[PDB]
Amino acid sequence: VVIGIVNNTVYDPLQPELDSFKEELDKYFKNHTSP
Amino acid sequence: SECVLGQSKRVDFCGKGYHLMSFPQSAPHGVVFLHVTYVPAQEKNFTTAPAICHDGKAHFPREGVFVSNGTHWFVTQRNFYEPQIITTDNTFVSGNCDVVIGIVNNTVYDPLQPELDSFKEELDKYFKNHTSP
Amino acid sequence: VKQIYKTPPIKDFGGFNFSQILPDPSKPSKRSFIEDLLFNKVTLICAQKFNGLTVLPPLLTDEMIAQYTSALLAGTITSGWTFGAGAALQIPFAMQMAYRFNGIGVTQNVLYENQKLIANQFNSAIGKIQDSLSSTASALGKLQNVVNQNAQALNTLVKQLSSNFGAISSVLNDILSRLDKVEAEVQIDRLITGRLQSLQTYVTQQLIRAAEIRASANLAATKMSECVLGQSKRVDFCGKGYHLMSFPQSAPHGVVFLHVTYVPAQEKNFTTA
Amino acid sequence: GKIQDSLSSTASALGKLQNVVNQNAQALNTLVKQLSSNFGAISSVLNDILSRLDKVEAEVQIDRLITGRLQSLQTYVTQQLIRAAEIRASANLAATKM
Amino acid sequence: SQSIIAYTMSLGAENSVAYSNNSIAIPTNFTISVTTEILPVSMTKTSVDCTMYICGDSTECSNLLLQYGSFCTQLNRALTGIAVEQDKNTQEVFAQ
């Protein structure tokens with residue numbers, strides 16, 4: 001409906017904050033598979 | 001028009017003080033305005049700082065002012081003392097803290113961290129439980 | 001203001017320099033530098049007096065007007081606009097400028113990251129006033145005519161005593177000395193007719209000028225109410241540009257407003273959506 | 001477009017300007033008509049007074065003529081000053097609206 | 001024991017403000033104050049019949065008055081203009 005809108009990404013600060021937790025969780029899982 | 005049919009931001013136009021609202025009344029060859037206005041009453045002293053540097057960066061209040069009673073720092077609205085904990089929701093970041101004159105050190109509470117820490121403790125307890133069988 | 005505020009002895013205004021608009025004790029009256037320039041730049045009689053034309057002194061002497069101006073300026077610089085709406089609330093001047101910038105739609109951080117610059121401009125800006133008012137003289141013309149007109153009419157009112165208005169001689173004592181009662185009357189009454197027409201004209205002109213001055217003084221009171229005791233969002237009312245704050249100053253039969261305003265300077269093109 | 005319909009059809013809309021003009025014209029016209037009144041003199045035209053009366057007796061009628069006409073200009077100038085003050089008030093309001 | 005005194009007028013109770021580069025004053029309570037303000041809006045409409053005032057019920061006087069031109073008409077028009085302006089004032093003040 002809006003005239004003149006353009007395509008651009010919108011950065012959500014929560015996404016990298018959760019992605020760091022995701023990587024920490026994945027590393028914890030991989031370490032838990034070691035013993 | 002300005003005072004009755006609306007609210008006027010003009011200072012000392014619709015009565016003294018911050019104008020709230022008004023009432024017209026007739027009078028012999030004239031009009032009488034009852035201006036109902038807000039006037040601050042009991043002021044208190046506080047130590048103020050234009051900005052807060054917590055994580056190397058400077059923080060400024062989105063609305064209001066920084067205050068301190070000598071032991072803790074809060075943000076409060078400009079015309080009424082309602083202190084609140086300095087949170088990332090209540091403040092915005094603008095550069096680092098070497099150029100701002102009068103900036104002081106204070107921690108800035110971020111409401112996201114306690115939720116993530118509770119989730120991390122739940123996850124750690126689940127891991128420890130999973131090590132039992 | 002019902003209270004006469006006093007500027008604190010320490011002048012740590014974050015770099016902003018008000019020594020040119022604040023009173024200095026070296027003068028026997030509490031005038032500031034700019035006000036003292038203004039009183040010299042305007043030229044503020046017996047022969048008028050002896051014909052029955054008296055000039056009355058103002059109720060508020062210039063010392064009291066200077067005191068009122070000093071109180072208003074001290075309140076503005078030490079409390080912002082809070083002293084106009086009620087109790088006076090002290091506040092650092094840098095934080096007051098941050099409040100003003102937040103008022104004009106500019107985030108307050110812009111002040112703090114440029115404070116030393118913004119002072120240096122403002123301190124220079126007031127200085128440009130000193131050079132401006134000291135060199136050119138027509139700038140204060142808005143007051144000078146208000147004096148000259150009131151003088152000129154008075155002079156004309158005196159000059160009207162020299163006219164004959166049809167009488168044989170323009171001096172009443174001459175008419176009494178040369179003519180007996182029945183014949184002196186027909187000249188004297190013409191003299192009263194002419195001089196009473198003269199006072200009718202002078203009083204009507206004075207009433208119209210007084211109405212104009214009342215309108216101008218009401219405008220000045222309005223500007224003092226919003227521009228000085230607060231911040232005005234009205235475009236082009238309190239000076240050109242986005243209004244930040246204002247300073248009142250006394251002057252012979254008038255007021256001088258220094259409107260300190262924000263004006264954008266250097267713009268860049270961008271593609272917007 | 002509605003303005004186009006509003007202004008082109010009715011004429012009283014611009015009345016706030018027309019009364020500004022008419023009054024002045026009327027203020028002028030009456031000032032002209034004042035030249036036709038005798039003001040007590042035997043004849044309204046000063047040339048008639050000069051032609052019919054000697055330089056001694058003409059003066060008493062001529063003085064009446066100056067008295068009346070000068071009073072007329074005084075009234076006209078006072079009305080013009082008051083109207084100019086009103087127009088200045090309206091112009092200052094217009095400048096504020098601008 | 002009461003007398004007429006003459007004195008230099010007092011401008012107001014002097015109030016020095018404790019300014020500081022890091023001190024703020026903030027109210028913790030407020031007052032809702034009502035202030036009255038009286039404004040004239042109009043004045044009594046008056047009309048003066050110029051002929052009646054100057055030359056009341058006398059035709060000999062009206063004959064002399066008619067020699068003075070349109071002064072009476074001008075006065076009547078001015079007073080009617082004032083009368084109309086009174087209603088215009090009342091309409092623009094109260095009929096919002």
# chains A, B, ... in the order shown; residues from 1 in each chain; ligands from 1

call {"tool": "interface_residues", "arguments": {"of": "chain D", "to": "chain C", "cutoff": "10 Å", "atoms": "only C-alpha atoms", "output": "VMD selection string"}}
result
chain D and resid 59 to 60 63 67 71 74 to 75 78 81 to 82 85 88 to 89 96 to 98

call {"tool": "interface_residues", "arguments": {"of": "chain B", "to": "chain C", "cutoff": "6 Å", "atoms": "only C-alpha atoms", "output": "list in words"}}
result
residues 10, 11, 12, 16, 17, 18, 39 and 100 of chain B

call {"tool": "residues_around", "arguments": {"residues": "range 82-85 of chain B", "least_positions_apart": "2", "cutoff": "10 Å", "atoms": "only C-alpha atoms", "output": "ChimeraX atom specification"}}
result
/B:64-68,72-80,87-88,90,108-109 /E:26-28

call {"tool": "write_last_selection", "arguments": {"atoms": "C-alpha atoms", "output": "PDB file, in the first residue's frame"}}
result
ATOM      1  CA  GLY B  64      13.507  13.021  32.019  1.00  0.00           C
ATOM      2  CA  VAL B  65      16.729  13.590  33.914  1.00  0.00           C
ATOM      3  CA  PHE B  66      19.351  11.695  35.885  1.00  0.00           C
ATOM      4  CA  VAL B  67      19.205  12.048  39.668  1.00  0.00           C
ATOM      5  CA  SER B  68      20.997  10.601  42.665  1.00  0.00           C
ATOM      6  CA  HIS B  72      22.044   5.314  43.913  1.00  0.00           C
ATOM      7  CA  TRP B  73      21.284   6.711  40.468  1.00  0.00           C
ATOM      8  CA  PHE B  74      17.835   6.866  38.889  1.00  0.00           C
ATOM      9  CA  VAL B  75      16.022   8.423  35.959  1.00  0.00           C
ATOM     10  CA  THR B  76      13.012  10.583  36.762  1.00  0.00           C
ATOM     11  CA  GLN B  77      10.567  12.670  34.773  1.00  0.00           C
ATOM     12  CA  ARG B  78      11.354  16.356  34.619  1.00  0.00           C
ATOM     13  CA  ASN B  79       8.430  17.870  36.546  1.00  0.00           C
ATOM     14  CA  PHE B  80       7.769  15.166  39.161  1.00  0.00           C
ATOM     15  CA  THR B  87      17.419   0.472  32.298  1.00  0.00           C
ATOM     16  CA  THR B  88      18.299   0.108  28.628  1.00  0.00           C
ATOM     17  CA  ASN B  90      14.751   4.096  29.667  1.00  0.00           C
ATOM     18  CA  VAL B 108      22.913   0.233  33.542  1.00  0.00           C
ATOM     19  CA  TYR B 109      20.537  -2.663  34.132  1.00  0.00           C
TER      20      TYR B 109
ATOM     21  CA  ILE E  26      12.813  18.413  41.329  1.00  0.00           C
ATOM     22  CA  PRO E  27       9.321  18.783  42.854  1.00  0.00           C
ATOM     23  CA  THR E  28       7.849  15.824  44.707  1.00  0.00           C
TER      24      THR E  28
END

call {"tool": "residues_around", "arguments": {"residues": "residue 14 in chain A", "least_positions_apart": "4", "cutoff": "10 Å", "atoms": "only C-alpha atoms", "output": "compact mmCIF listing (two decimals) with C-alpha atoms, in the first residue's frame"}}
result
# COMPACT_ATOMS: atom_id res chain seq x y z
CA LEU A 18 20.19 -15.47 20.91
CA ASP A 19 22.67 -16.71 18.29
CA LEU B 112 17.24 -9.22 29.04

call {"tool": "atom_distance", "arguments": {"atom1": "CA of residue 23 in chain C", "atom2": "CA of residue 78 in chain C"}}
result
14.9 Å

call {"tool": "interface_residues", "arguments": {"of": "chain E", "to": "chain C", "cutoff": "7 Å", "atoms": "only C-alpha atoms", "output": "list in words"}}
result
residues 12, 13, 14, 15, 16, 17, 18, 19, 20, 21, 22, 23, 24, 25 and 26 of chain E

call {"tool": "residues_around", "arguments": {"residues": "residue 63 in chain E", "least_positions_apart": "4", "cutoff": "12 Å", "atoms": "only C-alpha atoms", "output": "PDB file with C-alpha atoms, in the first residue's frame"}}
result
ATOM      1  CA  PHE D  39     -20.104  76.822   6.853  1.00  0.00           C
ATOM      2  CA  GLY D  40     -21.993  80.061   7.487  1.00  0.00           C
TER       3      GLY D  40
ATOM      4  CA  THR E  51     -29.557  67.072  15.186  1.00  0.00           C
ATOM      5  CA  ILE E  54     -27.276  70.076  19.107  1.00  0.00           C
ATOM      6  CA  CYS E  55     -30.604  71.596  18.080  1.00  0.00           C
ATOM      7  CA  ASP E  57     -36.746  70.209  18.655  1.00  0.00           C
ATOM      8  CA  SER E  58     -35.848  73.535  16.999  1.00  0.00           C
ATOM      9  CA  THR E  59     -36.131  74.080  13.253  1.00  0.00           C
ATOM     10  CA  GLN E  67     -25.054  74.517   6.691  1.00  0.00           C
ATOM     11  CA  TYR E  68     -22.243  72.604   8.428  1.00  0.00           C
ATOM     12  CA  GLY E  69     -22.194  69.770   5.904  1.00  0.00           C
TER      13      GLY E  69
END

call {"tool": "interface_residues", "arguments": {"of": "chain A", "to": "chain C", "cutoff": "7 Å", "atoms": "only C-alpha atoms", "output": "NGL selection string"}}
result
:A and (4-6)

call {"tool": "atom_distance", "arguments": {"atom1": "CA of residue 96 in chain E", "atom2": "CA of residue 81 in chain E"}}
result
22.6 Å

call {"tool": "closest_atom_pairs", "arguments": {"of": "chain D", "to": "chain E", "cutoff": "6 Å", "atoms": "only C-alpha atoms", "output": "tab-separated table"}}
result
residue	atom	partner	partner_atom	distance
D:34	CA	E:69	CA	5.8
D:37	CA	E:69	CA	5.2
D:38	CA	E:67	CA	5.7
D:39	CA	E:68	CA	5.0

call {"tool": "write_last_selection", "arguments": {"atoms": "N, CA and C atoms", "output": "PDB file, in the first residue's frame"}}
result
ATOM      1  N   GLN D  34     -17.630  68.140   1.627  1.00  0.00           N
ATOM      2  CA  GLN D  34     -17.471  69.238   2.570  1.00  0.00           C
ATOM      3  C   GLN D  34     -17.094  70.542   1.887  1.00  0.00           C
ATOM      4  N   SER D  37     -20.428  72.826   1.340  1.00  0.00           N
ATOM      5  CA  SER D  37     -21.177  73.458   2.416  1.00  0.00           C
ATOM      6  C   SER D  37     -20.701  74.886   2.639  1.00  0.00           C
ATOM      7  N   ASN D  38     -21.631  75.754   3.042  1.00  0.00           N
ATOM      8  CA  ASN D  38     -21.314  77.166   3.230  1.00  0.00           C
ATOM      9  C   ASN D  38     -20.516  77.424   4.500  1.00  0.00           C
ATOM     10  N   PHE D  39     -20.709  76.607   5.537  1.00  0.00           N
ATOM     11  CA  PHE D  39     -20.104  76.822   6.853  1.00  0.00           C
ATOM     12  C   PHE D  39     -20.441  78.198   7.415  1.00  0.00           C
TER      13      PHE D  39
END

call {"tool": "atom_distance", "arguments": {"atom1": "CA of residue 199 in chain C", "atom2": "CA of residue 157 in chain C"}}
result
7.4 Å

call {"tool": "closest_atom_pairs", "arguments": {"of": "chain B", "to": "chain A", "cutoff": "12 Å", "atoms": "only C-alpha atoms", "output": "tab-separated table"}}
result
residue	atom	partner	partner_atom	distance
B:112	CA	A:14	CA	9.3
B:113	CA	A:17	CA	10.1
B:115	CA	A:18	CA	11.8
B:116	CA	A:21	CA	8.8
B:117	CA	A:21	CA	10.7
B:119	CA	A:21	CA	10.4
B:120	CA	A:21	CA	9.0
B:123	CA	A:25	CA	9.1
B:124	CA	A:28	CA	10.0
B:127	CA	A:32	CA	8.8
B:128	CA	A:32	CA	10.6
B:130	CA	A:32	CA	10.1
B:131	CA	A:32	CA	9.1

call {"tool": "select_by_dssp", "arguments": {"residues": "chain B", "states": "helix (DSSP H, G or I)", "output": "JSON, numbers by chain"}}
result
{"B": [112, 113, 114, 115, 116, 117, 118, 119, 120, 121, 122, 123, 124, 125, 126, 127, 128, 129, 130]}

call {"tool": "write_last_selection", "arguments": {"atoms": "N, CA and C atoms", "output": "mmCIF file, in the first residue's frame"}}
result
data_model
loop_
_atom_site.group_PDB
_atom_site.id
_atom_site.type_symbol
_atom_site.label_atom_id
_atom_site.label_comp_id
_atom_site.auth_asym_id
_atom_site.auth_seq_id
_atom_site.Cartn_x
_atom_site.Cartn_y
_atom_site.Cartn_z
ATOM 1 N N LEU B 112 17.060 -7.960 29.737
ATOM 2 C CA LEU B 112 17.237 -9.224 29.036
ATOM 3 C C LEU B 112 18.151 -10.190 29.780
ATOM 4 N N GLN B 113 19.187 -9.687 30.451
ATOM 5 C CA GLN B 113 20.161 -10.569 31.091
ATOM 6 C C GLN B 113 19.572 -11.470 32.168
ATOM 7 N N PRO B 114 18.736 -10.996 33.102
ATOM 8 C CA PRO B 114 18.153 -11.925 34.087
ATOM 9 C C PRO B 114 17.328 -13.040 33.468
ATOM 10 N N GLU B 115 16.584 -12.769 32.394
ATOM 11 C CA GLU B 115 15.822 -13.826 31.735
ATOM 12 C C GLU B 115 16.751 -14.878 31.142
ATOM 13 N N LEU B 116 17.811 -14.434 30.462
ATOM 14 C CA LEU B 116 18.767 -15.375 29.891
ATOM 15 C C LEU B 116 19.509 -16.150 30.971
ATOM 16 N N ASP B 117 19.785 -15.524 32.115
ATOM 17 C CA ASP B 117 20.462 -16.232 33.197
ATOM 18 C C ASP B 117 19.548 -17.257 33.856
ATOM 19 N N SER B 118 18.262 -16.934 34.013
ATOM 20 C CA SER B 118 17.312 -17.927 34.503
ATOM 21 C C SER B 118 17.196 -19.096 33.533
ATOM 22 N N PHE B 119 17.134 -18.802 32.231
ATOM 23 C CA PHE B 119 17.113 -19.858 31.227
ATOM 24 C C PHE B 119 18.385 -20.695 31.252
ATOM 25 N N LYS B 120 19.546 -20.063 31.437
ATOM 26 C CA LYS B 120 20.813 -20.782 31.518
ATOM 27 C C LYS B 120 20.880 -21.664 32.759
ATOM 28 N N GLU B 121 20.374 -21.180 33.896
ATOM 29 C CA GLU B 121 20.324 -22.015 35.092
ATOM 30 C C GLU B 121 19.386 -23.200 34.908
ATOM 31 N N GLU B 122 18.233 -22.983 34.271
ATOM 32 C CA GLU B 122 17.339 -24.094 33.961
ATOM 33 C C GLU B 122 18.025 -25.106 33.049
ATOM 34 N N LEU B 123 18.747 -24.613 32.039
ATOM 35 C CA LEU B 123 19.465 -25.493 31.123
ATOM 36 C C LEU B 123 20.560 -26.274 31.841
ATOM 37 N N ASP B 124 21.280 -25.619 32.754
ATOM 38 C CA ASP B 124 22.337 -26.293 33.501
ATOM 39 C C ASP B 124 21.761 -27.363 34.420
ATOM 40 N N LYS B 125 20.637 -27.061 35.076
ATOM 41 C CA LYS B 125 19.978 -28.067 35.903
ATOM 42 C C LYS B 125 19.499 -29.240 35.058
ATOM 43 N N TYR B 126 18.973 -28.958 33.864
ATOM 44 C CA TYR B 126 18.552 -30.029 32.967
ATOM 45 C C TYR B 126 19.738 -30.880 32.528
ATOM 46 N N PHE B 127 20.877 -30.246 32.242
ATOM 47 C CA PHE B 127 22.084 -30.993 31.894
ATOM 48 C C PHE B 127 22.521 -31.896 33.042
ATOM 49 N N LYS B 128 22.552 -31.350 34.259
ATOM 50 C CA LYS B 128 22.974 -32.133 35.417
ATOM 51 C C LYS B 128 22.023 -33.299 35.664
ATOM 52 N N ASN B 129 20.722 -33.071 35.471
ATOM 53 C CA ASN B 129 19.757 -34.161 35.560
ATOM 54 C C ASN B 129 20.004 -35.206 34.478
ATOM 55 N N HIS B 130 20.334 -34.761 33.264
ATOM 56 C CA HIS B 130 20.617 -35.670 32.159
ATOM 57 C C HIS B 130 21.891 -36.475 32.371
#

call {"tool": "select_by_dssp", "arguments": {"residues": "chain E", "states": "strand (DSSP E)", "output": "PyMOL selection string"}}
result
chain E and resi 13-16+23-27+30-40

call {"tool": "write_last_selection", "arguments": {"atoms": "N, CA and C atoms", "output": "CSV table (one decimal), in the first residue's frame"}}
result
chain,number,residue,atom,x,y,z
E,13,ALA,N,10.7,40.0,47.4
E,13,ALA,CA,11.6,39.3,48.3
E,13,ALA,C,12.7,38.6,47.6
E,14,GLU,N,13.9,39.1,47.9
E,14,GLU,CA,15.1,38.6,47.2
E,14,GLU,C,15.3,37.1,47.5
E,15,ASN,N,15.6,36.3,46.5
E,15,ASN,CA,15.7,34.9,46.6
E,15,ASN,C,16.9,34.4,45.7
E,16,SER,N,18.0,34.2,46.4
E,16,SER,CA,19.2,33.7,45.8
E,16,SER,C,19.0,32.2,45.6
E,23,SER,N,23.8,20.1,40.5
E,23,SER,CA,22.7,20.1,41.5
E,23,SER,C,21.4,20.3,40.7
E,24,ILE,N,20.4,19.5,41.0
E,24,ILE,CA,19.1,19.6,40.4
E,24,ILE,C,18.0,19.7,41.5
E,25,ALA,N,17.0,20.5,41.2
E,25,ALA,CA,15.9,20.5,42.1
E,25,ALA,C,14.6,20.0,41.4
E,26,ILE,N,14.0,19.0,42.0
E,26,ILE,CA,12.8,18.4,41.3
E,26,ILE,C,11.7,18.4,42.3
E,27,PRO,N,10.5,18.8,41.9
E,27,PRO,CA,9.3,18.8,42.9
E,27,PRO,C,8.8,17.4,43.1
E,30,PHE,N,2.6,18.7,44.0
E,30,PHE,CA,2.1,19.7,43.1
E,30,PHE,C,0.8,20.3,43.7
E,31,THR,N,0.4,21.4,43.1
E,31,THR,CA,-0.8,22.1,43.5
E,31,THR,C,-1.6,22.4,42.2
E,32,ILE,N,-2.8,22.1,42.2
E,32,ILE,CA,-3.7,22.5,41.1
E,32,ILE,C,-4.4,23.8,41.5
E,33,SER,N,-4.0,24.9,40.9
E,33,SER,CA,-4.4,26.2,41.2
E,33,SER,C,-5.3,26.8,40.1
E,34,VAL,N,-6.4,27.4,40.5
E,34,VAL,CA,-7.3,28.0,39.6
E,34,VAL,C,-7.1,29.5,39.8
E,35,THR,N,-6.9,30.2,38.7
E,35,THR,CA,-6.7,31.7,38.7
E,35,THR,C,-7.8,32.3,37.8
E,36,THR,N,-8.4,33.4,38.4
E,36,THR,CA,-9.4,34.1,37.6
E,36,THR,C,-8.7,35.2,36.8
E,37,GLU,N,-9.3,35.5,35.6
E,37,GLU,CA,-8.8,36.5,34.7
E,37,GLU,C,-10.0,37.2,34.0
E,38,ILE,N,-10.1,38.5,34.2
E,38,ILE,CA,-11.3,39.2,33.7
E,38,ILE,C,-10.9,40.0,32.5
E,39,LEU,N,-11.6,39.9,31.4
E,39,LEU,CA,-11.4,40.6,30.2
E,39,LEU,C,-12.6,41.3,29.7
E,40,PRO,N,-12.6,42.6,29.4
E,40,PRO,CA,-13.7,43.3,28.8
E,40,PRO,C,-13.9,42.7,27.3

call {"tool": "residues_around", "arguments": {"residues": "residue 184 in chain C", "least_positions_apart": "2", "cutoff": "12 Å", "atoms": "only C-alpha atoms", "output": "list in words"}}
result
residues 167, 168, 169, 172, 173, 174, 175, 176, 177, 178, 179, 180, 181, 182, 186, 187, 188, 189, 190 and 191 of chain C

call {"tool": "closest_residue", "arguments": {"among": "E:89, E:29, E:62, E:80", "to": "chain B", "atoms": "only C-alpha atoms"}}
result
E:29

call {"tool": "residues_around", "arguments": {"residues": "range 13-30 of chain D", "least_positions_apart": "3", "cutoff": "10 Å", "atoms": "only C-alpha atoms", "output": "MDAnalysis selection string"}}
result
(chainID D and resid 6:10 33:35 72 76:77 79:80 83 87) or (chainID E and resid 69:71 73:74)

call {"tool": "closest_atom_pairs", "arguments": {"of": "chain B", "to": "chain E", "cutoff": "8 Å", "atoms": "only C-alpha atoms", "output": "tab-separated table"}}
result
residue	atom	partner	partner_atom	distance
B:1	CA	E:96	CA	7.6
B:15	CA	E:35	CA	6.4
B:16	CA	E:35	CA	7.7
B:29	CA	E:42	CA	5.2
B:30	CA	E:40	CA	4.2
B:31	CA	E:39	CA	5.4
B:32	CA	E:38	CA	4.5
B:33	CA	E:37	CA	5.1
B:34	CA	E:36	CA	4.7
B:35	CA	E:35	CA	5.2
B:36	CA	E:34	CA	4.4
B:37	CA	E:33	CA	5.4
B:38	CA	E:32	CA	4.8
B:39	CA	E:31	CA	5.2
B:40	CA	E:30	CA	4.4
B:41	CA	E:30	CA	4.5
B:42	CA	E:27	CA	4.9
B:43	CA	E:27	CA	3.7
B:44	CA	E:25	CA	5.3
B:45	CA	E:25	CA	4.7
B:46	CA	E:24	CA	5.3
B:47	CA	E:23	CA	4.9
B:48	CA	E:22	CA	5.2
B:49	CA	E:22	CA	6.3
B:67	CA	E:24	CA	7.6
B:78	CA	E:26	CA	7.2
B:79	CA	E:27	CA	6.4
B:80	CA	E:27	CA	5.4
B:81	CA	E:28	CA	4.9
B:82	CA	E:28	CA	7.9

call {"tool": "write_last_selection", "arguments": {"atoms": "N, CA and C atoms", "output": "mmCIF file, in the first residue's frame"}}
result
data_model
loop_
_atom_site.group_PDB
_atom_site.id
_atom_site.type_symbol
_atom_site.label_atom_id
_atom_site.label_comp_id
_atom_site.auth_asym_id
_atom_site.auth_seq_id
_atom_site.Cartn_x
_atom_site.Cartn_y
_atom_site.Cartn_z
ATOM 1 N N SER B 1 -10.043 30.470 22.422
ATOM 2 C CA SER B 1 -9.699 29.449 21.440
ATOM 3 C C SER B 1 -8.541 28.584 21.925
ATOM 4 N N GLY B 15 -3.006 31.777 32.227
ATOM 5 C CA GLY B 15 -2.764 31.738 33.655
ATOM 6 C C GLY B 15 -1.348 31.335 34.004
ATOM 7 N N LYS B 16 -0.930 31.601 35.237
ATOM 8 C CA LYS B 16 0.407 31.235 35.676
ATOM 9 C C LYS B 16 0.522 29.728 35.867
ATOM 10 N N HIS B 29 -20.701 42.880 30.336
ATOM 11 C CA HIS B 29 -19.822 43.387 29.286
ATOM 12 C C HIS B 29 -18.427 42.781 29.355
ATOM 13 N N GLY B 30 -18.316 41.480 29.605
ATOM 14 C CA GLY B 30 -16.993 40.895 29.670
ATOM 15 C C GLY B 30 -17.033 39.410 29.947
ATOM 16 N N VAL B 31 -15.841 38.829 30.035
ATOM 17 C CA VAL B 31 -15.679 37.397 30.235
ATOM 18 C C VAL B 31 -14.709 37.176 31.384
ATOM 19 N N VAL B 32 -14.908 36.083 32.115
ATOM 20 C CA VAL B 32 -14.042 35.684 33.215
ATOM 21 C C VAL B 32 -13.526 34.285 32.921
ATOM 22 N N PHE B 33 -12.212 34.133 32.902
ATOM 23 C CA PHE B 33 -11.580 32.850 32.648
ATOM 24 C C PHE B 33 -11.073 32.287 33.966
ATOM 25 N N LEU B 34 -11.464 31.055 34.266
ATOM 26 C CA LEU B 34 -10.886 30.299 35.370
ATOM 27 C C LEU B 34 -9.851 29.362 34.766
ATOM 28 N N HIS B 35 -8.577 29.718 34.891
ATOM 29 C CA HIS B 35 -7.510 28.865 34.394
ATOM 30 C C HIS B 35 -7.089 27.881 35.475
ATOM 31 N N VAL B 36 -7.273 26.593 35.201
ATOM 32 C CA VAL B 36 -6.846 25.515 36.082
ATOM 33 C C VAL B 36 -5.472 25.069 35.615
ATOM 34 N N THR B 37 -4.463 25.270 36.464
ATOM 35 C CA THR B 37 -3.070 25.089 36.088
ATOM 36 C C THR B 37 -2.338 24.249 37.123
ATOM 37 N N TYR B 38 -1.354 23.492 36.649
ATOM 38 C CA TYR B 38 -0.482 22.687 37.495
ATOM 39 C C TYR B 38 0.704 23.536 37.936
ATOM 40 N N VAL B 39 1.022 23.521 39.224
ATOM 41 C CA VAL B 39 2.149 24.278 39.762
ATOM 42 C C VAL B 39 2.967 23.348 40.651
ATOM 43 N N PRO B 40 4.254 23.141 40.373
ATOM 44 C CA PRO B 40 5.076 22.310 41.264
ATOM 45 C C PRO B 40 5.165 22.931 42.651
ATOM 46 N N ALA B 41 5.193 22.081 43.675
ATOM 47 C CA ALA B 41 5.041 22.557 45.044
ATOM 48 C C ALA B 41 6.263 22.354 45.925
ATOM 49 N N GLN B 42 6.749 21.125 46.069
ATOM 50 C CA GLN B 42 7.774 20.797 47.063
ATOM 51 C C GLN B 42 8.992 20.228 46.346
ATOM 52 N N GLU B 43 9.981 21.082 46.107
ATOM 53 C CA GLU B 43 11.190 20.656 45.422
ATOM 54 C C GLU B 43 12.172 20.016 46.394
ATOM 55 N N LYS B 44 12.957 19.079 45.872
ATOM 56 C CA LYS B 44 14.021 18.422 46.610
ATOM 57 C C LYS B 44 15.307 18.468 45.799
ATOM 58 N N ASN B 45 16.429 18.525 46.511
ATOM 59 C CA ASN B 45 17.744 18.528 45.891
ATOM 60 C C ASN B 45 18.177 17.118 45.521
ATOM 61 N N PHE B 46 18.927 17.017 44.427
ATOM 62 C CA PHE B 46 19.538 15.765 44.008
ATOM 63 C C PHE B 46 20.825 16.078 43.263
ATOM 64 N N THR B 47 21.753 15.127 43.274
ATOM 65 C CA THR B 47 22.958 15.274 42.473
ATOM 66 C C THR B 47 22.707 14.716 41.081
ATOM 67 N N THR B 48 23.002 15.523 40.066
ATOM 68 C CA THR B 48 22.663 15.179 38.696
ATOM 69 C C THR B 48 23.928 15.056 37.865
ATOM 70 N N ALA B 49 23.833 14.256 36.812
ATOM 71 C CA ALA B 49 24.897 14.088 35.841
ATOM 72 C C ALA B 49 24.281 14.014 34.456
ATOM 73 N N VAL B 67 19.149 11.568 38.296
ATOM 74 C CA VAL B 67 19.205 12.048 39.668
ATOM 75 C C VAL B 67 19.911 11.013 40.525
ATOM 76 N N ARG B 78 10.768 15.045 34.363
ATOM 77 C CA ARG B 78 11.354 16.356 34.619
ATOM 78 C C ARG B 78 10.589 17.128 35.687
ATOM 79 N N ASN B 79 9.261 17.028 35.695
ATOM 80 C CA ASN B 79 8.430 17.870 36.546
ATOM 81 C C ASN B 79 7.816 17.125 37.723
ATOM 82 N N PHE B 80 8.272 15.908 38.010
ATOM 83 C CA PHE B 80 7.769 15.166 39.161
ATOM 84 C C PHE B 80 8.769 14.091 39.558
ATOM 85 N N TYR B 81 9.108 14.013 40.839
ATOM 86 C CA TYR B 81 10.139 13.085 41.289
ATOM 87 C C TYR B 81 9.557 11.680 41.363
ATOM 88 N N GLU B 82 9.755 10.899 40.303
ATOM 89 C CA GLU B 82 9.363 9.492 40.279
ATOM 90 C C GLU B 82 10.570 8.691 39.818
#
